[PDB]
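Structure first, then comments.
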Amino acid sequence: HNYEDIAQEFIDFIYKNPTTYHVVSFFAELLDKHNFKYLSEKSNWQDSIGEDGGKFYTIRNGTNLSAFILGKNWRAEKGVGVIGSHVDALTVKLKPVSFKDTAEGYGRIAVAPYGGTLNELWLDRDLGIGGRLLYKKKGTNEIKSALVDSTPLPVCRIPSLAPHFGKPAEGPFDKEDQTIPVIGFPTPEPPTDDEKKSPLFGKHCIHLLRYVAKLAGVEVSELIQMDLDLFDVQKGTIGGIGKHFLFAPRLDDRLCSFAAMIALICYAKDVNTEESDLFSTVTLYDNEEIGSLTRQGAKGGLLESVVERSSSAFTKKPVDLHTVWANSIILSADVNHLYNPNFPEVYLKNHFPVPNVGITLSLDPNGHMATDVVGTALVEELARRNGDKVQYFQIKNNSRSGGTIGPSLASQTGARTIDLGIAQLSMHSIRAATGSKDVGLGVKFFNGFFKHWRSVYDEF
Amino acid sequence: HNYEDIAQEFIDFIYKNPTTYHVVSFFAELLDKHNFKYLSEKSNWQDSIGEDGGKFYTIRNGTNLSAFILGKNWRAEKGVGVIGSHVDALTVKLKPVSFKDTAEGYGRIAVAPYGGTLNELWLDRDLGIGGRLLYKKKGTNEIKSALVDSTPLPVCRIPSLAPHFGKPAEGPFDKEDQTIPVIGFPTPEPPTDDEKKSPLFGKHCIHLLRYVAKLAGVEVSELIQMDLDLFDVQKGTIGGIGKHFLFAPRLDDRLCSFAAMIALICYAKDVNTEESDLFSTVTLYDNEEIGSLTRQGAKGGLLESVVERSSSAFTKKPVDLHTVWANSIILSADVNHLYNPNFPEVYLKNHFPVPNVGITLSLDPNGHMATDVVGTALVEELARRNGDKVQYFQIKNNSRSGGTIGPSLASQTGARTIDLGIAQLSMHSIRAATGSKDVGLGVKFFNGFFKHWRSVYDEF
Amino acid sequence: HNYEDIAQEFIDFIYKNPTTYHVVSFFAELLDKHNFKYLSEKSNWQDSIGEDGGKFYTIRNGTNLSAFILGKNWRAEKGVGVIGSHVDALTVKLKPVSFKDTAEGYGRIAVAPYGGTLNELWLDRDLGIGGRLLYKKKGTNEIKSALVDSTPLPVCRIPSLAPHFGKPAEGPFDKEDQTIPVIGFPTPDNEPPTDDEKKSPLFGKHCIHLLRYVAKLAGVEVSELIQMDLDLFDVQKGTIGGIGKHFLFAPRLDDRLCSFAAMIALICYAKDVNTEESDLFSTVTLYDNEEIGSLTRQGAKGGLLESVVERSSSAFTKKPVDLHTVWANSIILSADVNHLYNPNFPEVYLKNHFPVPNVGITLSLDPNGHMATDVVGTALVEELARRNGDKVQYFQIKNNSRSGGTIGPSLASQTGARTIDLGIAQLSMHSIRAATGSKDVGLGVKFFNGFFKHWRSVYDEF
Ligand SMILES: [Zn+2]
Ligand SMILES: [Zn+2]
Ligand SMILES: [Zn+2]
Ligand SMILES: [Zn+2]
Ligand SMILES: [Zn+2]
Ligand SMILES: [Zn+2]
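Residue numbers (the deposited numbering), protein chains in the order written: chain B, 47 to 234, 240 to 511; chain A, 47 to 234, 240 to 511; chain D, 47 to 235, 239 to 511.
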């Protein structure tokens with residue numbers, strides 16, 4: 047029943063938080079409810095973090111979050127127990143100017159792919175709109191932001207051409223000229244003088260501006276800018292004749308992000324920082340799907356920043372960060388590939404995971420993963436101590452591998468990093484699948500990590 | 047308000063009746079409800095239909111239905127007002143033997159495409175299972191039928207391969223080896244001696260047998276055969292930022308079938324068969340998507356059978372069927388193509404329809420449609436009288452045309468036949484779209500047809 | 047022993063009746079012997095069929111036959127029990143003008159393929175000639191018909207080119223210029242045409258040697274020959290084969306295998322049927338031209354079956370018969386051979402959906418309209434088999450494969466009756482010499498016999 051319940055919570059989480067902004071906001075609220083104190087990056091933390099340590103979190107760009115627990119008795123030699131995952135997922139972004147003239151009466155919006163989207167899997171899917179709106183209340187100068195979400199209303203859909211037309215209906219399709227979202231077909240109010248005051252007037256259809264303004268509860272004239280996504284509004288579902296699966300969009304990598312954060316929360320419940328000598332954290336990054344080379348991506352170093360700022364404010368004595376990282380363990384948690392029975396030729400025998408068993412170690416000898424022999428032994432020892440099962444995933448020698456933030460974090464910190472994650476089918480599809488038990492199994496494993504990684508690594 | 051309500055009824059209709067069997071059963075129930083008397087094809091109608099005529103309907107194969115209204119004062123010269131549509135839709139059929147050995151633990155079922163399915167649009171879609179089961183209660187010899195439907199449970203899904211793997215993940219995909227539905231991943240009850248009594252034991256996984264037996268409320272041993280489909284369980288939805296669209300699966304051709312049937316029922320409410328001099332009917336065919344050459348398809352002649360049997364039982368005097376058909380008008384109602392703004396190059400200027408305007412006339416000079424100059428004039432006159440709008444659809448000279456049952460019905464009866472229908476986007480996709488007002492506009496047009504076609508045709 | 051005997055009877059049947067004309071003539075003769083009364087299509091049957099019903103058969107074009115048994119107590123609601131098969135088989139037809147000048151002394155005849163013949167399987171095969179001759183006895187105007195058959199003499203052979211010549215000897219070969227039957231190599235001393246022979250409307254259209262030969266076979270004068278429809282076919286007699294005699298090798302199995310099995314079943318069944326007591330209407334209708342689409346008057350689309358049932362029911366009783374009710378209560382078995390699993394091409398056969406030799410009838414299933422078989426029909430055949438102690442196999446194509454067709458969909462659409470496509474499976478369909486199980490002819494007869502005996506009782510359960 048526990049696994050079923052957490053599976054449902056995950057489904058609701060995915061459904062109610064479609065964009066990276068919503069996901070980060072969701073975790074921030076969860077953290078607040080569990081007494082983690084928010085610290086602003088733009089302020090020095092010397093007086094915010096005392097010698098008793100505590101539970102805190104910070105956010106960068108509204109899409110990069112780091113939650114951490116610092117014990118009163120922590121010292122550099124104890125290192126840091128880290129779980130890094132990414133909260134961005136393949137999606138479709140409205141262009142800076144999404145406005146398009148009507149085509150034979152059809153209303154459409156100009157968009158661009160974020161990652162490998164706008165392909166055949168994105169055709170004929172109900173797409174909602176949502177994201178971040180920047181506005182300036184009339185009469186003021188302060189710029190504020192609001193999050194909007196059309197769910198359950200699918201405002202647009204990219205229409206496939208009927209096969210009846212022949213060759214023109216065969217893919218692949220041009221992402222600029224053919225995979226364009228259709229948003230409506232209006233029939234014969241004109242822009243008001245006040246609406247025309249918006250810096251966005253003309254850059255987006257007045258109907259769209261009025262719609263998002265209404266969702267945010269502000270005036271069109273107050274809209275300053277926006278960063279909106281188009282996403283599948285179909286709610287996730289437990290599937291399979293025996294209910295062995297969970298079908299849902301954007302699993303990569305909110306599946307691991309969710310599991311890691313919930314594990315951190317469950318773990319934190321029994322941790323009193325006044326009697327703890329550990330430093331634990333779950334850091335969630337944006338932009339992994341586009342290379343991670345952005346200030347809000349893994350290469351932006353929020354993790355390193357949090358550890359340095361915290362250790363500096365924490366004690367009056369200098370902290371040797373090189374010693375800290377040398378004694379740390381970073382779990383780069385990113386979903387990997389579940390065996391797909393219909394494509395046996397691309398999976399390496401003895402090196403593929405199956406549903407509802409446990410976390411999957413990502414192994415690669417050519418640098419695609421940071422996992423090493425010691426890290427592998429550590430995870431397997433951990434699992435043995437906690438009653439967890441560990442699976443493997445490595446590509447066939449004649450295949451190719453995707454990447455993760457693992458190597459970046461390992462190189463940037465110098466800390467042993469282990470790439471692993473909850474395996475899923477159809478990675479990067481608009482609607483993927485994993486085991487109905489995998490969310491709970493993932494939480495269990497990550498919870499065990501925070502509880503016992505230090506004692507286990509001591510044996511090495 | 048009426049348009050919004052009928053649009054919602056249509057959505058519910060599609061969702062609650064996934065297979066052709068369900069659709070026919072739905073209409074039969076609706077007809078019983080509106081006082082149409084069911085007549086079995088296996089019995090002579092001489093003592094079921096008399097001088098007073100009345101409202102009746104019959105069914106063939108459980109997938110071919112004909113509803114008709116015969117007035118006491120009808121005569122051969124009055125002809126027959128007909129609307130013919132098809133109730134079969136592209137789907138996926140379980141094979142005679144759907145059993146497949148588990149593959150690395152994964153449960154899969156052997157299926158075959160009905161029409162052009164099992165393509166990329168069918169990948170990563172939540173698929174439910176349903177259809178007709180034939181069973182024989184223990185200790186008896188009688189064979190009975192039962193309809194089952196897993197909705198909302200999606201028992202399977204055809205998993206796309208992650209793009210990370212390269213070329214192997216690029217379509218098109220083999221319909222036999224790559225697009226196979228995954229139904230589960232079982233963990234370690241063995242078949243019982245009684246379950247093995249089923250003629251289907253071994254032909255389908257015992258898990259699937261137990262599941263459909265449970266849905267039908269019968270024992271596994273009692274199952275002797277089945278005709279099941281796999282279909283999208285995502286309920287339809289009104290979409291577009293201005294709610295101008297309706298997104299739903301299996302629109303072709305249940306959209307016209309529903310509109311025509313509802314129009315008949317609305318029309319019948321005010322028809323007094325004791326006074327009426329008309330003979331009206333809506334006949335729904337199976338197998339249009341596979342050529343119509345089956346006994347339950349248009350070429351099977353149920354329409355002609357209904358008219359001959361009815362006219363024979365109706366009066367003691369001989370009825371000249373050639374005169375009947377010479378004075379008849381057949382509307383071959385099959386969905387046609389809405390202009391898709393992203394593929395302007397395949398639509399003929401001045402010969403394409405748009406959403407929420409009205410019925411679309413299907414025109415073709417090379418025999419793909421039966422529509423002629425007189426039929427076109429008749430529909431346009433009919434529309435002018437009822438306050439309906441009429442659109443056009445014809446292919447570009449350098450394009451390709453789909454087909455309909457139109458030419459078959461016209462040739463088989465000798466009656467002037469007009470091909471038309473409610474236009475839709477993405478015909479044959481697993482999830483298509485049409486205007487949110489189009490179901491209502493369609494009903495309005497067809498209602499007008501039954502009411503005024505005789506008076507209009509008289510002018511010619 | 048019974049299976050072995052019937053297997054031999056089948057082999058003899060195939061060997062002694064090479065063309066569609068011979069096959070129909072063979073069955074007509076068998077029906078006559080078993081007291082089935084012949085009825086001409088050209089005369090009204092009102093006075094030929096009485097209320098006592100009876101056993102009859104009719105023929106159209108000499109290549110389309112329908113045999114039926116009508117019970118005195120039959121009524122529309124009882125429907126009709128039908129087995130439909132085709133008697134035409136892939137062959138080679140002499141052209142309207144088969145004459146060809148000698149080539150370096152070689153005599154050849156101009157021919158055309160009927161279906162997919164004249165390929166590599168037809169090369170280096172001993173070919174006999176036979177078929178229908180139309181003639182008019184000297185001094186008269188009446189046109190008569192005669193059937194001829196050169197068997198065992200193979201008058202023709204299409205010679206493969208020795209591989210020594212290289213590329214030119216590699217197929218495929220042009221059906222008009224390369225696959226031409228060689229009929230002889232004459233020498234001076239074949240006499241010149243006599244004045245009487247030149248009187249034949251066929252003189253000049255076919256070499257005099259051929260005209261004299263077929264005239265001799267028929268027992269008429271060359272001058273009396275007016276027209277002809279002749280085939281070239283393999284004269285190699287069928288044989289029981291396999292180290293354990295598990296197989297039967299023979300030409301033209303598609304679809305004379307099912308046609309023979311169905312007719313024998315009908316005759317065996319008819320032996321115990323007394324029309325004075327019976328309330329059934331049973332028939333085996335054999336069609337021509339299935340191999341070319343069936344759209345001819347003698348093919349399935351020509352409607353001989355529908356005609357027989359309408360004409361019979363009309364002559365049978367004074368009361369009106371509702372044909373729609375008749376067909377709604379009927380079951381049609383479209384019996385056409387399907388594919389036996391070929392172990393050397395496992396990649397084209399669908400797992401769990403292919404038949405093997407010597408087991409039983411094979412149900413032909415297809416979800417895209419190639420077969421008329423449906424869920425109720427499948428259940429009916431399986432129930433029917435369980436009752437008669439017959440085994441039922443399955444055949445359906447892989448999703449990425451291709452399917453052939455049958456007359457099934459045509460018969461179902463034309464009548465409106467539930468139709469089931471099935472048949473005796475064979476290897477190498479459309480080859481000049483195919484193969485099936487040595488027990489399959491017998492198993493087929495057994496199944497079809499069971500169909501006529503119990504289909505009505507079984508269909509009642511639905
Ligand atoms: Zn990814
Ligand atoms: Zn990822
Ligand atoms: Zn269609
Ligand atoms: Zn259609
Ligand atoms: Zn054939
Ligand atoms: Zn055949």
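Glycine included, C-beta positions come from ideal geometry on N, C-alpha and C.
Report back the beta-carbon spacing between residue i and residue j to the nearest angstrom; my notes put them in contact at under 8 Å.
i, j, result
"B/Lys124", "B/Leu329", "6 Å"
"A/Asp195", "A/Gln285", "No, A/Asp195 and A/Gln285 are not in contact; Cβ-Cβ is about 14 Å, not under 8 Å."
"B/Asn110", "B/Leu353", "5 Å"
"A/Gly162", "A/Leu279", "Their Cβ separation, rounded to whole angstroms, is 19 Å, which puts A/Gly162 and A/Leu279 out of contact at 8 Å."
"D/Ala474", "D/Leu389", "4 Å"
"B/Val228", "B/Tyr152", "6 Å"
"B/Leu179", "B/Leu274", "7 Å"
"B/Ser206", "B/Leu169", "4 Å"
Taking only heavy atoms of ligand 6 into account, decide whether any of them is closer than 7 Å to the Cβ of residue i.
i, result
"A/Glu150", "no"
"A/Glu222", "no"
In whole angstroms, what is the alpha-carbon distance linking residue i and residue j?
i, j, result
"B/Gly100", "B/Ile115", "6 Å"
"A/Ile456", "A/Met312", "17 Å"
"A/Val201", "B/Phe56", "20 Å"
"A/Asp134", "A/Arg106", "14 Å"
"B/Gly499", "B/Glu166", "40 Å"
"A/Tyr508", "A/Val126", "11 Å"
"B/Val370", "B/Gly453", "36 Å"
"B/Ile52", "B/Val490", "7 Å"
"B/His68", "B/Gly290", "26 Å"
"B/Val322", "B/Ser86", "24 Å"
"D/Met478", "D/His132", "14 Å"
"A/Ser356", "A/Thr137", "28 Å"
"B/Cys256", "A/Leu297", "22 Å"
"D/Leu140", "D/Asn239", "21 Å"
"A/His47", "B/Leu266", "24 Å"
So is the beta-carbon of residue i under 7 Å away from any non-hydrogen atom of ligand 2?
i, result
"B/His258", "no"
"A/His210", "no"
"A/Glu246", "no"
"B/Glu339", "yes"
Please find out if some non-hydrogen atom of ligand 1 comes closer than 7 Å to the beta-carbon of residue i.
i, result
"D/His132", "no"
"B/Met478", "yes"
Just grab the DSSP bridge partners of residue i for me.
i, result
"A/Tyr443", "A/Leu412"
"D/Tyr103", "D/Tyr84, D/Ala113"
"B/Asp470", "B/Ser383"
For ligand 4, enumerate in chain order all residues having a CB closer than 5 Å to any of its heavy atoms.
Qualifying residues come out as A/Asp303, A/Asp304, A/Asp385.
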